[PDB]
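Asker: Show me the folded form of this:
(chains A, B, C, D, E, F, G, H and I)
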Amino acid sequence: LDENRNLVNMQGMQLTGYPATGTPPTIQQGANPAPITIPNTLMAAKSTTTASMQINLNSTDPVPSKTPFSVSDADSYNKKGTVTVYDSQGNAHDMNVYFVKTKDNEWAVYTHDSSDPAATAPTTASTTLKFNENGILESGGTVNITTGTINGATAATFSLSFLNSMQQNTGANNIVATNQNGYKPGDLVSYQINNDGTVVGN
Amino acid sequence: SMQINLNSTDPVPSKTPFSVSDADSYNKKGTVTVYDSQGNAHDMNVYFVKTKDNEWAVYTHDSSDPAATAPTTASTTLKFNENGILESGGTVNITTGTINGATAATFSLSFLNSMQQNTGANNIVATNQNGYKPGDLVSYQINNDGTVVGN
Amino acid sequence: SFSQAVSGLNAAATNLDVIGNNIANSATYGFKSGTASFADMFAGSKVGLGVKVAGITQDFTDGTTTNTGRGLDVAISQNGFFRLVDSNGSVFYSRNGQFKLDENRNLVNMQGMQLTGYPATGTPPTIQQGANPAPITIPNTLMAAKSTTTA
Amino acid sequence: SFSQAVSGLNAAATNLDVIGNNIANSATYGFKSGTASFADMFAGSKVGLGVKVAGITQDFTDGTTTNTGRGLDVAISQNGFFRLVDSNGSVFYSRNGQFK
Amino acid sequence: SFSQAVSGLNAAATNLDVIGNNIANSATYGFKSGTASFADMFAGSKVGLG
Amino acid sequence: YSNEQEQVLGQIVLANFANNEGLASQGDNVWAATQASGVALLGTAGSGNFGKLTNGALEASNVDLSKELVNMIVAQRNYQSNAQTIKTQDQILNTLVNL
Amino acid sequence: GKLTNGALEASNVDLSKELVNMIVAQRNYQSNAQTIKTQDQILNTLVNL
Amino acid sequence: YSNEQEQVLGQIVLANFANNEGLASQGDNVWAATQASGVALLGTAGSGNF
Amino acid sequence: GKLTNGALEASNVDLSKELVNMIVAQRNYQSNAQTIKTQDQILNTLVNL
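Answerer: Numbering: from 1, shown residues only, chains lettered A, B, ... in the order given. Below, you will see the structure:
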């Protein structure tokens, strides 16, 4: 690895290969080979556009006792989960998702941003998950969610998904999977060459 | 040139106004060593103070000049867009002080490619300048492309 | 026609010298082994004119960390290089962490090269992570007292 | 060529002499161990001319304190050195506390 | 190579010295026993030096 | 200090390079940055792209004696093979001159 | 530091460390001797041409 | 000296030439300055081109 | 310097450092003999013309 960040041999000839273009970068094989370079260029942040939360629900859960909803009161809801998303500047938004059982196989989910101190607590249903005769999610698996505006950064709106969520006689409500496509800025830590020839920077 | 990365989560310093002695009065301090006409080294200190989200006042001082006036006015203002990219205020013409009668150097300090996002903390990515001091011949070489270079 | 045999003998001698040097510096804290890299020198004809040494490549893999114990001793893990300056201001880098304080109380290694770093200034002193690196000193002067201003 | 191996042998011999001095001095009140520090001798060429002994560093770690029952025997805990004078007035410093 | 066994021997010697010191203070009012804590020394390679 | 208070005198700076193989060794276990190695990137231990510092310890050399001895054997054999080639050319030239 | 009366500061030489270092040093010395032997054979080969 | 004070007596000078190859060897591991090598530049060790 | 009674100053010849120098000087001597032989063959091929 020379001073200009190119992969060269002992004599200085530059190694060539298919370059990566786009966001997220992928190898475009339709282009002519170009010298391979490894810049330190900090990686910018990606505001979230798609988030997913797969969860399993208990059938035997009783309905919340203390109507109405309060984000402060624990006994006011059945479950609470946290998903970390990222805005245009990479700031962390901690979406708390609240599960309240309304009727049989019907679960209202509320969304509240806890990272923004001036955000109002939701009072109306964000979505109503409907589970069929046996866990099988029926409707309401996808909802548009808008972040708060924190420290002048652009609020990131995204589609949050509950696909493949199930509601059966599970012992308790616990989160199975949470994923999101956003990330915060990062600096180059390492580089490697895979057995398929791809150069990957971590 | 000074490429820096700033954190968007930094609180505004409490101690107004900015004071060089007061560490609590500014967010970040950096140093760049420039050279005047004769060759004396001027350690220009650049101070970044956050005022409002997407706004950073920048002050400059000369740490090599004992007679340099205390900075009381903001030298410039960096404004970053909602995506964290610098929009305006990235270039400013700055003049150093006079040491032992040497002519002060007026140079353009540029904060190009500086970005404000959610990093770990305020870190200076790179600093550079095109001035230097007197140099004596140490070695010579002939490179691969035939160019003769003296170090 | 010894064009090839002489070059091969020279390359073998260079490789053997590199191996012997690696053997000799086996107990040199901060030493990295070296390996010669060879290349052929075909020139117009297909007869294979000879061989040449394209260079000597270091092996910058971290060595075993041995707790000698002496406090000043500092071992470095992963990437990084200790920064030193000689008496003439030139900048050098070393992985050897065997340091001592000289008579002027300046952190130096066995060869007297002054260890550098970010100095501290002010009252109380703060690490000037921006200030250009300076030689580190450990003065023995008595520490003054600060009048109580906040309790 | 020969110089690199000669320097390596000399450095190994110096290390072994330091080890022998330490091991012969295992029973010596106030003695401090020694360790040889080596440095390479690159000069212009990348071939690595050899190694050299940069110096011998003492290890001033406070040793175990052993009682003897003599009133003139005193040991320096932590840092500090006994100051002594010879016949000519020259000054010297020693950690050994056996006085008569 | 040798460094691994050297580190192991030094750790064993430290443990032996700690045990001997604890035994020597079997009758020492207000004394609290000591125990050495060990940790591996992996560095880059998967060999796990010492 | 003795007044139940401490001071900070300095912070050791670390250097990282784009090209480790480009550093030219000047001897005395010391490296110098040149054109091929690029400019030194300065920082602190444990932050950015720098490893932390171990106190009371020294980093030994990464020279394994077994590999060095085996490579010495192989290089000796290669040197003797090249010497045999030289002898072959010597005999060829002697044969031609004796004509 | 303070002074303790009626006692002496013993040496800080730990014997096991010295023995292990001696073993390492001797082996290093033997490796360098092997290097000298190899270069001696090289010079003999070149002379006997 | 014996009075616990050192005194300097002189400094060794180093000479560098524009053309080292032009020096006329006089034997006894000794070189002499000539017109081809040019006038010797004097200085101190560790500074400039010394 | 000081005088120590009941003691003798031994020689300062280290055998290891000497044997190595003996090997090196042997090689130098053999190289010079090889040069002599080369000049001898030079004179031979000139004479036999």
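Asker: Show me what the residue sitting nearest the centre point of chain C is bridged to.
Answerer: Nearest residue to the geometric centre of chain C (CA atoms, centre = their mean): residue C:94, 1.7 Å. Under DSSP bridges, the beta-bridge partners of residue C:94 are residue C:82.
Asker: How many residues are close by residue C:129?
Answerer: As a burial measure, residue C:129 scores 20 neighbours (other CB atoms under 10 Å in any protein chain shown). For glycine as for every other residue, the C-beta is placed from the backbone atoms N, C-alpha and C.
Asker: Could you do residue A:103 as well?
Answerer: Residue A:103 has 10 neighbours, counted by other CB under 10 Å.
Asker: That one pairs with what?
Answerer: In this structure, residue A:103 bridges to residue A:106 when assessed by DSSP bridges.
Asker: starting at the chain centroid, how far to the helix or strand hosting residue A:160?
Answerer: Secondary structure here is read from DSSP states H and E; on that basis residue A:160 sits in strand A:157-161. Counting by CA atoms, centre = their mean, to the nearest Å, strand A:157-161 is centred 9 Å from the centre of its parent chain.
Asker: Name every strand pairing with it and say which way it goes.
Answerer: In the sheet, strand A:157-161 lines up against strand A:50-58 (parallel), strand A:142-146 (antiparallel) (DSSP bridges).
Asker: Just confirm the residue nearest to the centre of chain C contacts residue F:30, I think it does.
Answerer: Yes. Using CB atoms under 8 Å, residue C:94 is in contact with residue F:30, at 4.7 Å.
Asker: so who does the residue nearest to the centre of chain C touch?
Answerer: For residue C:94, the set of contacting residues under the criterion of CB atoms under 8 Å, 6 or more residues apart in numbering or on different chains consists of C:30, C:81, C:82, C:84, C:109, C:113, F:29, F:30, F:31.
Asker: Distance check, the fourth one against residue F:18.
Answerer: Using CB to CB, to the nearest Å, we find residue C:84 at a distance of 20 Å from residue F:18.
Asker: what's near enough to touch the residue of chain A found nearest chain I?
Answerer: Closest approach between chain A and chain I, counting by CB to the nearest CB: residue A:10, at 33.3 Å. Contact partners of residue A:10, counting by CB under 8 Å, 6+ apart, are C:37, C:39, C:54, C:55, C:57.
Asker: show me where chain F has helices.
Answerer: All helices of chain F, identified by DSSP state H, fall at F:65-97.
Asker: and it, which of its residues are near chain E?
Answerer: Applying the criterion CB under 8 Å from any CB of the partner chain, the portion of chain F that neighbours chain E consists of F:60, F:64, F:65, F:66.
Asker: residue in chain C nearest to chain E?
Answerer: With CB to the nearest CB as the measure, the residue in chain C that lies nearest chain E is residue C:64; the distance is 3.8 Å.
Asker: On the three-state scheme, the spatially closest residue to the residue of chain A closest to chain I that is not a sequence neighbour is what?
Answerer: When the adjacent residues along the chain are set aside, residue A:10 lies closest to residue C:54, with 4.2 Å between them (CB to CB, 6 or more residues apart in numbering or on different chains). Here residue C:54 is recorded as strand under DSSP: H, G, I helix; E, B strand; the rest coil.
Asker: OK, contacts around residue C:54?
Answerer: Contacts for residue C:54 were tallied using CB under 8 Å, 6+ apart; they are A:10, A:11, C:37, C:38, C:39.
Asker: part of a helix, is the second one?
Answerer: No. Under three-state DSSP, residue A:11 falls outside any helix and is assigned coil.
Asker: Show me what from chain C comes close to chain A.
Answerer: Taking CB under 8 Å from any CB as the test, the list of chain C residues beside chain A reads C:37, C:39, C:54, C:55, C:57.
Asker: Any idea how many residues pack against the spatially closest residue to residue A:34 that is not a sequence neighbour?
Answerer: Taking CB to CB, 6+ apart, and ignoring the residues beside it in sequence, residue A:34 has residue A:19 as its nearest neighbour in space, at 4.8 Å. In terms of burial, residue A:19 registers 15 neighbours under the definition other CB under 10 Å.
Asker: Do I have it right that residue A:19 meets residue A:31?
Answerer: Yes. The criterion here is CB under 8 Å, and residue A:19 meets it with residue A:31 at 6.5 Å.
Asker: related to what we said a few turns ago, if I pick the residue nearest to residue A:34, what's in contact with it?
Answerer: Under the criterion of CB under 8 Å, 6+ apart, the neighbours of residue A:19 are A:27, A:28, A:31, A:34, A:36.
Asker: and of the residues you listed, the nearest to chain B?
Answerer: In terms of CB to the nearest CB, no member of those lies closer to chain B than residue A:36, at 21.1 Å.
Asker: pretty sure that closest one contacts residue A:17?
Answerer: Yes. At 4.8 Å, residue A:36 and residue A:17 qualify as touching, with contact defined as CB under 8 Å.
Asker: ok, these two, which is more surrounded?
Answerer: Taking neighbours as other CB under 10 Å, residue A:36 and residue A:17 compare with residue A:36 leading, 19 against 14.
Asker: residue at max distance from the center of chain A?
Answerer: Most distant from the centre of chain A: residue A:11, at 45.5 Å, with distances by CA atoms, centre = their mean.
Asker: Is it in contact with residue C:41, as I believe?
Answerer: No. Using CB under 8 Å, residue A:11 and residue C:41 do not qualify as a contacting pair, with a distance of 11.2 Å.
Asker: Same question for the helix or strand hosting residue A:101: list its buried residues.
Answerer: With the criterion set as DSSP H and E, the secondary-structure element containing residue A:101 is strand A:92-103. Of the residues in strand A:92-103, those buried under the neighbour-count criterion (16 or more other CB atoms under 10 Å in any protein chain shown) are A:93, A:95, A:96, A:97, A:98, A:99, A:100, A:101.
Asker: For the fourth one, which residues are in contact?
Answerer: Read it as residue A:97. By CB under 8 Å, 6+ apart, the residues touching residue A:97 are A:53, A:80, A:81, A:82, A:83, A:109, A:110, A:111, A:160.
Asker: Swap in 10 Å and give it another go.
Answerer: With contact taken as CB atoms under 10 Å, 6 or more residues apart in numbering or on different chains, residue A:97 is in contact with A:51, A:53, A:55, A:79-83, A:109-112, A:126-127, A:143, A:145, A:160, A:162, A:175, A:178.
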